[PDB]
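**Student:** This one's experimental. Sequence and coordinates below.
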Amino acid sequence: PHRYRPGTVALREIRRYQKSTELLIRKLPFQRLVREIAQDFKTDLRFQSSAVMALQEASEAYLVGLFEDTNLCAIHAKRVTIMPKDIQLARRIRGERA
Amino acid sequence: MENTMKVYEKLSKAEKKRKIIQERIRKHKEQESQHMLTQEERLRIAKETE
Amino acid sequence: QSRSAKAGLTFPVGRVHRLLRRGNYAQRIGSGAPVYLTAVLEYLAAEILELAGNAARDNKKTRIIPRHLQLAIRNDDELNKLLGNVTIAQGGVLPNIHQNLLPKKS
Amino acid sequence: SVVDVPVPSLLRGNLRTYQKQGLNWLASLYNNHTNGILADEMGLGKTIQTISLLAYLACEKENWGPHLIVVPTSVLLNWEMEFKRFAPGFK
Amino acid sequence: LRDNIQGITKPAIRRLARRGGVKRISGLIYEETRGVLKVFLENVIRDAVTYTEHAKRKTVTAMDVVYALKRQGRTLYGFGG
Amino acid sequence: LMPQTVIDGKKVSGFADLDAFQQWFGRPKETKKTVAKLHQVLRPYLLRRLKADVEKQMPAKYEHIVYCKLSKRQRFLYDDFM
Amino acid sequence: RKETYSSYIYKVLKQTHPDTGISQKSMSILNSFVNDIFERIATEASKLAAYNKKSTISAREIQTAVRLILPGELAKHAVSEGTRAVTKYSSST
Ligand SMILES: Nc1ncnc2c1ncn2[C@@H]1O[C@H](COP(=O)(O)OP(=O)(O)O)[C@@H](O)[C@H]1O
Ligand code: BEF
Ligand SMILES: [Mg+2]
């Protein structure tokens, strides 16, 4: 049976998902998460769908920016797979961690 | 101005390739439209499928 | 006659003056400030819209959508520099692949 | 009134008299160009009557065009089986 | 309440990274990514909640989220404000 | 069966308003006559047949009722719940 | 009651490009960036006025705020167009 080589589907999906615009994180799990966090901050705070959608957009933007930075960082170490050290290094150099 | 030039060039090449493939597909469509099916042959196919 | 017409500006110079006065940015506003600001805003809008339209036409589309708008803004380095801290909902990301990742040998 | 339209040649098995009557009535609605509701006290052969109607559309009207039937999931395969049984000529 | 932070599915993180153009991901990234995400959300939601308290309204609104993002120095377009 | 349909950019209604239907049939011994009128309305659209009239091969149908005593555990839980 | 720049945005777009349309999402994004830039320029002008101890913002205040905020080439063309508009308005008297 035919089978693509490791990384062929990688690039294929890289292209695919870069093209698409649709929001990537599952709506309901995200809503549950934010509701929990808010309940931790203050009990019985109501959230309409627009607020959670906006927050989810912002989260996606922040995450993707971090991923971009880490991707640039990792290849500098001659590697092609990112590792946690790349995450912490990028975050610290961003001045988010410190 | 360079973006407008790039998009104009893209559009022109798109147009030319479009019209060429339009001619090709129109020839394929006109050659395919000729086909027709009679009741008798339809019935015999039916029997085969039976 | 509308002050916008006298200036020749599309944006509502009068509403801009109203906002600046109410917006408590300053105690007083010289009549040249609203016209200058209005012209600047109109100009910036002109460029961004032109870029968005060009991008839409690139897609062969005709309605500007956040995908096209994001493409437009990021394509221009200086607009990016202005909007470097701005996130566009449904904006997506630019196509970016590192040459070292391409399959096969060089 | 309803016309005793000819029995389709494609018919496999024997349409019972009442099933024939139902066939004729459905064909009458078709000739009147009218939609209809068909309710039998369940277990009378609605499905074979559907086959017979389609087969009447087939013999006289030649109209095997792409008809659509929307159905619960469970009975769907049974429907396929009965299409094979009563009139295996239907794709 | 139970554990929602784990609820963000592994495919979600994977696809997010996919948008980032990364070829391969070490397994440990998932926990680190979750930590980063939770911290970020904690800060933003904190600001949104205090803004809602200031409004005295019981419902948080998109305007509060926009102001919270802006205070963090992040600007969001399309939701108004 | 007879929905509102658009023809040449205009809308044509195939059936009576739900409110009118409710007013005539749904509002009302008179119930028997109303049901008879309903059957008359259906007469074009509906073909109705019954097993006993249609066929006499397998009329044998029997229905029985079983009485079950609640177990002590079940009885207890029922009492508690109420 | 409320007010928005969407109408003017549509007008100017049509003047640039009659055949192209805008969805509410894009329209709101455009409104938002216009608002953001307006706030930025106004706050810069307020700062520059207070710093020079002037109470009245002026064509100079906005000119210099635009000098600061906009990238140099974009700033140069923005100020050019703004000057043209201001002078034509003043000549309208
Ligand atoms: N002429 C016939 N000979 C033998 N069996 C029949 C005949 N007509 C109907 N049946 C049986 O009657 C059953 C009724 O099935 P179906 O039509 O799905 O139920 P209903 O009539 O309630 O819709 C079928 O499974 C079929 O096997
Ligand atoms: F009406 Be039946 F028995 F499917
Ligand atoms: Mg049935």
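**Tutor:** Okay, I see it. Residues are numbered from 1 along each chain as shown, chains lettered A, B, ... in the order given. Ligands and ions are numbered 1, 2, ... in the order given.
**Student:** Validate this expectation: residue C:87 resides in a strand.
**Tutor:** Yes - using DSSP: H, G, I helix; E, B strand; the rest coil, the secondary structure at residue C:87 is a strand.
**Student:** And the strands in chain E?
**Tutor:** With DSSP state E as the criterion, chain E has strands at E:24-25, E:59-60, E:75-77.
**Student:** Go through these and name the closest to residue D:4.
**Tutor:** The stretch from those with the least distance to residue D:4 (C-beta to C-beta) is strand E:59-60; that distance is 70.0 Å. Where you see a C-beta, it was placed from the backbone N, CA and C, and this is true even at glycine.
**Student:** What helices and strands are in contact with the closest one?
**Tutor:** For strand E:59-60, the packing partners by 3 or more C-beta pairs under 8 Å, 6 or more residues apart in numbering or on different chains; DSSP states H and E come out as strand A:46-47, helix E:29-55.
**Student:** so which of the ones you listed gets nearest residue F:52?
**Tutor:** The stretch from those with the least distance to residue F:52 (C-beta to C-beta) is strand A:46-47; that distance is 60.2 Å.
**Student:** tilt between the helix or strand following that closest one and helix E:29-55?
**Tutor:** Toward the C-terminus, strand A:46-47 is succeeded by helix A:49-76 as the next helix or strand (DSSP states H and E). Between helix A:49-76 and helix E:29-55, the angle comes out at 140 degrees (axes from the mean of the first three to the mean of the last three C-alpha atoms, to 10 degrees).
**Student:** strand partners of the helix or strand that helix A:49-76 is followed by, parallel vs antiparallel please.
**Tutor:** For helix A:49-76, the following helix or strand on the C-terminal side (DSSP H and E) is strand A:81-82. Based on DSSP bridges, the strands next to strand A:81-82 in the sheet, each with its direction, are strand E:24-25 (parallel).
**Student:** Report the distance from the strand it pairs with to the chain centre.
**Tutor:** For strand E:24-25, the distance between its averaged C-alpha position and the chain's averaged C-alpha position is 23 Å (C-alpha atoms, centre = their mean, to the nearest Å).
**Student:** Go ahead and name everything in contact with it.
**Tutor:** Applying C-beta atoms under 8 Å, 6 or more residues apart in numbering or on different chains, the external contacts of strand E:24-25 come out as A:7, A:10, A:80-82, E:13-14, E:17.
**Student:** one more time with 6 Å
**Tutor:** By C-beta atoms under 6 Å, 6 or more residues apart in numbering or on different chains, the surrounding residues in contact with strand E:24-25 are A:81, E:17.
**Student:** Now do the host helix or strand of residue F:75: distance to the chain's middle.
**Tutor:** Applying DSSP H and E as the criterion places residue F:75 in helix F:72-81. Relative to the chain's own centre, helix F:72-81 is displaced by 37 Å; criterion: C-alpha atoms, centre = their mean.
**Student:** helices and strands around it, which ones?
**Tutor:** If you count contacts as 3 or more C-beta pairs under 6 Å, 6 or more residues apart in numbering or on different chains; DSSP states H and E, helix F:72-81 packs onto no helix or strand.
**Student:** who's the residue in chain E that chain G sits nearest to bridged to?
**Tutor:** Using C-beta to the nearest C-beta, the closest approach of chain E to chain G is made by residue E:77 at 4.2 Å. As for beta bridges, residue E:77 partners with residue C:88 under DSSP bridges.
**Student:** how about it, what does it touch?
**Tutor:** For residue E:77, the residues meeting the contact criterion (C-beta under 6 Å, 6+ apart) are C:88, G:29, G:32.
**Student:** what subset of those residues is also close to ligand 1?
**Tutor:** For ligand 1, no contacts are drawn from these by C-beta under 6 Å from any ligand atom.
**Student:** Highest neighbour count among those residues?
**Tutor:** The most crowded member of the contacts of residue E:77 is residue G:29, carrying 29 neighbours; neighbours defined as other C-beta atoms under 10 Å in any protein chain shown.
**Student:** For chain G, which helix extends over the most residues?
**Tutor:** In chain G, with assignment by DSSP state H, the single longest helix is helix G:24-51.
**Student:** is that helix anywhere near chain A?
**Tutor:** No - in terms of C-beta under 6 Å from any C-beta of the partner chain, no part of helix G:24-51 sits within range of chain A; the closest distance is 10.8 Å.
**Student:** Can you classify residue D:38 by secondary structure?
**Tutor:** Of the three states, residue D:38 takes strand under three-state DSSP.
**Student:** Which of the helices or strands spans the residue nearest to it when sequence neighbours are not counted?
**Tutor:** With sequence-adjacent residues excluded and distances taken as C-beta to C-beta, 6 or more residues apart in numbering or on different chains, residue D:38 is closest to residue F:47, at 5.7 Å. In this assignment (DSSP H and E), residue F:47 forms part of strand F:46-49.
**Student:** So in that sheet, which strands flank that strand, and in what orientation?
**Tutor:** Paired neighbours of strand F:46-49 in the sheet (DSSP bridges): strand D:37-40 (parallel).
**Student:** Residue D:55 contacts residue D:7, doesn't it?
**Tutor:** No - using C-beta atoms under 6 Å, residue D:55 makes no contact with residue D:7, being 8.7 Å away.
**Student:** Before I go, just wanted to say thanks for your time.
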